[PDB]
Amino acid sequence: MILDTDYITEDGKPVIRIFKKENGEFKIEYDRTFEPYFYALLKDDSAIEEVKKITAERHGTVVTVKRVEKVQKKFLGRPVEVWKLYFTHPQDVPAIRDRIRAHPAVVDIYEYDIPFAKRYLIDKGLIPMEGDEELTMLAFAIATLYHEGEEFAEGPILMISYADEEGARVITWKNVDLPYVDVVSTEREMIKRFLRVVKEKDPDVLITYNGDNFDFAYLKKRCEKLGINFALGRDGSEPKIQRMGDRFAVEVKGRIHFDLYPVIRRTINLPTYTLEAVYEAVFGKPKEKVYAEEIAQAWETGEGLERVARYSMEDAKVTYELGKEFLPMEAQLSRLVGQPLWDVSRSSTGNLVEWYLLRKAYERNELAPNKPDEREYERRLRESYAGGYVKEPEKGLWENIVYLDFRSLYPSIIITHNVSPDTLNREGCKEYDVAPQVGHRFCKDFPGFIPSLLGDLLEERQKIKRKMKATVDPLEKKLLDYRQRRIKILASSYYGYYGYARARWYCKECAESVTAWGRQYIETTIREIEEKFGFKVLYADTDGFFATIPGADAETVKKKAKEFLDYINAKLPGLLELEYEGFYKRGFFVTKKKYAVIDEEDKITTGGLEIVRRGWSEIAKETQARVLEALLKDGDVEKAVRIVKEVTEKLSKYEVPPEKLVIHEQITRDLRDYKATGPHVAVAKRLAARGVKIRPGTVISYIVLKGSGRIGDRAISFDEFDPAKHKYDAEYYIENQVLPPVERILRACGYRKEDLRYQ
DNA sequence: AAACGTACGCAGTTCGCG
DNA sequence: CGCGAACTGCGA
Ligand SMILES: [Mg+2]
Ligand SMILES: [Mg+2]
Ligand SMILES: [Mg+2]
């Protein structure tokens with residue numbers, strides 16, 4: 001099984017390395033024969049002899065064209081004749097390609113920015129993660145000593161914990177009396193012991209949580225200070241940091257560093273993505289969180305450190321368990337895309353589409369379109385198109401609601417109507433499908449490049465979706481649900497890829513065609529259910545809608561809904577299929593993209609509400625949640641009015657714990673690039689002024705105090721909050737935090753909400 | 001050296017214009 | 001002095 005591929009430079013020549021595990025053995029296969037290349041379209045063949053004399057300089061190396069071959073390929077299906085230019089080293093290509101394109105007889109160049117390792121897997125037809133090979137895994141976490149105003153990793157690592165099938169242990173240089181704790185003398189021994197443990201266990205996969213941005217960068221910095229050669233790799237190398245556009249990733253050569261944070265972030269919708277929230281949201285049991293302040297106090301004073309070591313141990317234990325669960329879903333994602341798990345687990349949805357498209361293009365001998373230059377990239381940003389149809393919600397608290405939606409609206413449209421840039425206005429075509437409103441004709445004679453691949457993706461999703469219900473294990477069922485939904489969004493992002501400014505197969509016409517068809521199909525379904533079946537659509541959004549029969553019983557809504565599905569699915573063509581994905585006792589819809597419904601098992605599902613959004617205090621979230629139960633479950637708005645009256649009373653009488661009045665907002669840039677003043681920006685600019693390190697990603701946890709000025713003037717960080725000297729702004733938390741979210745809810749159900757607050 | 005799939009949409013905070 | 005407008009963060 002192919003784990004990963006890279007290349008090294010041996011005497012000026014690139015050597016591909018294929019890190020494999022076959023028959024329980026780690027293997028490095030070498031390939032000194034693969035040559036980097038890219039293509040060039042020529043005005044005349046005669047120029048090839050003038051082009052191959054073009055040279056360039058690298059880092060003291062004279063880069064020359066090694067070999068050329070004329071090849072016939074297809075560009076968007078139409079045949080084209082390009083010249084394939086070979087080079088010695090892959091870094092020759094970035095050094096020489098602009099000079100080659102600058103030649104007057106060179107129309108354009110192609111496939112010049114493909115990474116050497118990824119190009120190798122594509123051109124050799126190799127697929128990582130294939131085979132039933134079992135992978136050894138070892139998770140690890142670190143616990144550090146931090147103080148405000150300190151540089152990154154200025155203080156030492158206090159604990160290194162690790163966990164596998166043998167159990168979870170903790171290495172630390174203070175005597176903590178626990179059976180799973182190994183005590184050494186200094187931080188240097190603690191690190192060198194952990195390095196020995198990884199060397200002795202030799203795991204194929206190293207699992208972390210945010211190790212790409214914390215655990216590895218911290219270990220790296222501490223290793224340079226203490227002079228430790230952190231030879232984690234199976235080739236003796238140290239962990240290598242890699243820039244991925246905006247943030248950083250860490251690779252360990254020979255192994256797979258599995259950072260669960262990017263994987264979980266895009267697999268589960270959570271308000272926050274702490275390890276405790278993620279663990280509880282998956283396995284059902286809570287996890288205690290120990291913050292850095294209590295860790296520092298326990299270490300410095302020496303009191304209460306067993307609690308810290310148990311948090312460090314749990315950190316490693318639950319990271320290994322989560323890694324066991326989500327490795328299969330990511331291994332399949334690596335097989336589907338055709339790139340190593342390390343890249344697929346962290347890559348953007350954009351490159352997940354493009355890396356598969358590039359592989360399939362090479363299979364069909366399709367010349368890949370380039371990424372746009374600066375002028376075209378900005379032009380694509382300046383252009384947009386109509387999207388999903390959103391209906392203004394019908395006001396009121398409704399009963400006996402069904403939610404119907406398409407199984408995969410946009411991927412259904414792409415395949416059914418052959419939406420593809422190679423089929424767009426393809427002249428000479430016997431039959432086309434024209435999109436409504438936008439009027440783009442799409443050839444139907446041959447399956448388009450992208451539609452020909454979207455089908456297999458959907459067949460995967462339904463293959464996992466069928467195993468989903470057929471698995472009675474709640475854990476394995478929740479995971480297949482996670483995994484089949486990942487494929488749903490992957491296939492849907494193919495439509496969005498058509499509008500991605502950096503997309504090789506960019507097709508604005510394809511994108512707005514898919515949405516125009518989706519708008520026509522969603523409106524047809526709404527119109528049909530209202531005139532032919534007497535339903536009232538209460539809310540609609542892009543791919544689905546809520547509806548009911550006013551004044552009808554629950555049984556006759558379910559029956560007429562199933563009847564309507566038979567009528568509309570026979571009317572709907574191709575792969576378009578409307579689904580029955582829920583009946584709900586009650587529900588309301590406050591605004592576009594903001595709703596709340598409750599099923600027949602009293603389970604409340606919501607969308608777009610302040611409960612799951614950052615920037616609202618817990619006292620606001622908790623009150624809205626309790627108001628949701630009184631309305632959706634009990635149908636008692638007077639209880640909902642009583643709840644908000646109690647909360648506002650406790651706020652006025654200062655009987656609410658200030659821990660519930662903390663607002664969490666994230667800093668998204670350098671504090672200098674802020675055009676406006678805000679509460680969370682004002683605290684960040686004041687903490688940075690006193691020494692605290694603020695950077696893009698820093699969440700500001702603040703609380704608004706009773707004082708003067710704007711809200712930002714009254715806000716302070718919560719760590720600086722002293723209940724003895726500071727009186728929180730009760731009027732703010734009443735009028736600005738608790739009242740607004742429930743006011744809109746009661747107004748949406750048809751209630752004036754008069755005098756919700758206390759006195 | 002790759003680099004954020006898309007449009008649609010709400011809403012808190014600030015603050016200058018009639 | 002209310003009322004958008006800009007800025008800001010993020011949620012099928
Ligand atoms: Mg790599
Ligand atoms: Mg655009
Ligand atoms: Mg049908």
Side-chain angles (χ1 to χ4, degrees), chain A residues 90-91 93-94 113-116 118 242-247 249 266 269-271 343 346-355 371-372 377 380-381 384-393 403 405-406 408-410 488-503 505-508 510-512 514-516 518-519 522 539-545 590-595 606-616 620 663-669 673-682 699-700 704 709-715 732 735-737 740-741 744:
Chain A
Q91 270 153 246
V93 179
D113 53 0
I114 309 301
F116 197 54
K118 315 210 176 336
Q242 293 268 18
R243 151 137 271 151
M244 249 178 71
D246 285 340
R247 284 214 314 233
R266 76 208 303 203
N269 317 66
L270 300 179
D343 298 82
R346 315 168 152 75
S347 171
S348 72
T349 285
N351 274 320
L352 279 191
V353 188
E354 203 155 274
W355 289 342
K371 289 158 186 224
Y377 168 78
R380 294 173 181 183
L381 292 165
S384 201
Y385 56 90
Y389 166 74
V390 193
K391 178 220 184 53
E392 199 65 50
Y403 179 66
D405 62 328
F406 296 76
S408 45
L409 178 66
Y410 288 167
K488 176 181 200 198
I489 294 169
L490 176 61
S492 200
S493 305
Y494 272 67
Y495 144 73
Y497 175 85
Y498 282 144
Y500 185 20
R502 317 174 157 298
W505 279 272
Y506 179 82
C507 187
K508 193 206 103 139
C510 306
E512 60 178 351
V514 178
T515 50
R519 283 195 313 274
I522 189 56
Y539 177 55
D541 191 356
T542 313
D543 79 328
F545 72 91
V590 318
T591 63
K592 293 175 159 178
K593 318 255 149 154
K594 265 169 86 113
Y595 62 91
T606 63
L609 294 197
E610 295 92 342
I611 270 171
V612 309
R613 284 185 137 281
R614 250 195 187 123
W616 268 279
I663 288 106
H664 310 278
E665 261 146 354
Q666 154 196 343
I667 288 287
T668 67
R669 71 195 87 180
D673 299 316
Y674 269 112
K675 267 142 154 223
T677 187
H680 78 300
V681 180
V699 316
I700 307 303
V704 175
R710 319 152 277 190
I711 292 142
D713 311 334
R714 283 171 273 138
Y732 166 83
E735 227 68 30
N736 294 58
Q737 278 279 316
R744 304 184 273 261

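Only heavy atoms go into these numbers, but all of them, side chains included; no hydrogens, no water, no symmetry mates. Naming convention: chains lettered A, B, ... in sequence-line order (proteins, then strands); numbering from 1 in each chain.
- Counting non-hydrogen atoms under 4.0 angstrom, A:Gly712 reaches the backbone sugars and phosphates but no base.
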Steps toward side-chain contact (heavy atoms from CB on, under 4.5 Å) verdict (A:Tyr410, A:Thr515):
CA-CA 7 Å; A:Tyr410 288 167; A:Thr515 50; 3.6 Å; yes
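- Between A:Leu609 atom CG and C:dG11 atom P there is a gap of 12 Å when expressed in whole angstrom units.
- For B:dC10, its base never sits under 3.5 Å from the side chain of A:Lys592 at any donor and acceptor pair.
- When heavy atoms are screened at a 4.0 angstrom cut-off, A:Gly608 is found touching the sugar-phosphate backbone but no base atom.
- The side chain of A:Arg613 contributes no N or O atom lying less than 4.0 Å from OP1 or OP2 of B:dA11.
- A:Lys675 has its NZ atom 15 Å from the P atom of B:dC15, to the nearest Å.
- Separation of the P atoms belonging to B:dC10 and C:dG4 is 16 Å when rounded to the nearest angstrom.
- Sugar pucker at B:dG9: north, on the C3'-endo side, as the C1'-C2'-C3'-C4' dihedral is above zero.
- Considering only heavy atoms from C-beta on, A:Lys118 comes within 4.5 Å of A:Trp355 through its side chain.
- The CD atom of A:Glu610 sits 7 Å away from the P atom of B:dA11 (whole-angstrom rounding).
- Across all strands, A:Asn351 comes closer than 4.0 Å only to sugar-phosphate atoms, never to a base (heavy-atom distances).
- For the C1' atom pair drawn from C:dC10 and B:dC4, the interatomic distance equals 14 Å after rounding to whole Å.
- Listed nucleotides: C:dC10, B:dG5, B:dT14. Nearest to the side chain of A:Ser492: B:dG5.
- Rounded to an integer number of Å, the gap from CD of A:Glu512 to P of B:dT6 is 15 Å.
- At the heavy-atom level, A:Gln242 lies nowhere under 4.0 Å from the strands shown.
- B:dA3 and C:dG11 have their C1' atoms separated by 23 Å, with the value rounded to a whole Å.
- Side-chain contact between A:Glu610 and A:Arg744 is present, with heavy atoms from C-beta onward closer than 4.5 Å.
- Side chain of A:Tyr385, nearest nucleotide from B:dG9, B:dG12, B:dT6: B:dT6.
- For A:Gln666, taking side-chain heavy atoms from C-beta onward, the closest of the listed nucleotides C:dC10, B:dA3, B:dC10 is C:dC10.
- At a cut-off of 3.5 angstrom, the base of C:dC10 holds no donor-acceptor pair with the side chain of A:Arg614.
- Heavy atoms of A:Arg519 sit nowhere under 4.0 angstrom from any nucleic acid atom.
- Between the NZ atom of A:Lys118 and the P atom of B:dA1 there is a distance of 13 Å, rounded to whole Å.
- At least one donor-acceptor pair closer than 3.5 Å links the side chain of A:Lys508 to the backbone N or O of A:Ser384.
- Contact check, A:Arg669 against C:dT8: a side-chain N or O comes under 4.0 Å of OP1 or OP2.
- Of the side-chain N and O atoms in A:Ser384, one or more sit less than 4.0 angstrom from OP1 or OP2 of B:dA7.
- Minimum atom distance to the side chain of A:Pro679 is reached by B:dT14, of the listed B:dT14, B:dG5, B:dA7.
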Evaluate A:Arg502 against A:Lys371 for side-chain contact (heavy atoms from CB on, under 4.5 Å), listing each step before the verdict.
CA-CA 6 Å; A:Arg502 317 174 157 298; A:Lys371 289 158 186 224; 5.5 Å; no
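- Spacing of P atoms, C:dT8 relative to B:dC8, comes out at 23 Å, to the nearest Å.
- Regarding contacts with the backbone of B:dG9, every side-chain N or O of A:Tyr389 stays at 4.0 angstrom or more from both OP1 and OP2.
- Taking atom OH of A:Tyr495 as the reference point, atom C1' of B:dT6 lies 4 Å away to the nearest angstrom.
- Looking at A:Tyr500, its side chain never comes within 3.5 Å of a backbone N or O of A:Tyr494 through a donor-acceptor pair.
- If A:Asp713 and A:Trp355 are placed on DNA chain B by their nearest nucleotide, the residue sitting closer to the 5' end is A:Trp355.
- Between A:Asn736 and B:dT13 there is a side-chain N or O to OP1 or OP2 distance below 4.0 Å.
- A straight line from CH2 of A:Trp616 to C1' of C:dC10 spans 9 Å, rounded to a whole angstrom.
- Although no hydrogens or angles enter the test, the distance criterion places a donor-acceptor pair under 3.5 Å between the side chain of A:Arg519 and the main chain of A:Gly387.
- Residues A:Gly496 and A:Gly388 both approach DNA chain B. Their nearest nucleotides, taken by heavy-atom distance, put A:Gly496 toward the 5′ side.
- Contact check, A:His680 against C:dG9: a side-chain N or O comes under 4.0 Å of OP1 or OP2.
- No engagement by A:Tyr498 is indicated, since no non-hydrogen atom pair under 4.0 Å with the nucleic acid exists.
- Contact between the side-chain N/O atoms of A:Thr515 and the OP1/OP2 oxygens of B:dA7 is not found at any separation under 4.0 Å.
- Straight-line distance from the OH atom of A:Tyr674 to the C1' atom of B:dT13: 13 Å, rounded to whole Å.
- Relative to the side chain of A:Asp246, the nucleotides B:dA2, C:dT8, B:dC4 differ in distance, and B:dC4 lies closest.
- A:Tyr506 comes within 4.0 angstrom of nothing in the nucleic acid, heavy atoms only.
- When heavy atoms are screened at a 4.0 angstrom cut-off, A:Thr668 is found touching the sugar-phosphate backbone but no base atom.
- Nucleic acid contact class of A:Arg243 (heavy atoms, under 4.0 Å, all strands): base.
- At the heavy-atom level, A:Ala386 lies under 4.0 Å from the strands shown only through sugar-phosphate atoms.
- Distance check, rounded to the nearest 0.5 Å: CZ of A:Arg247 to CZ of A:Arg346 gives 11.0 Å.
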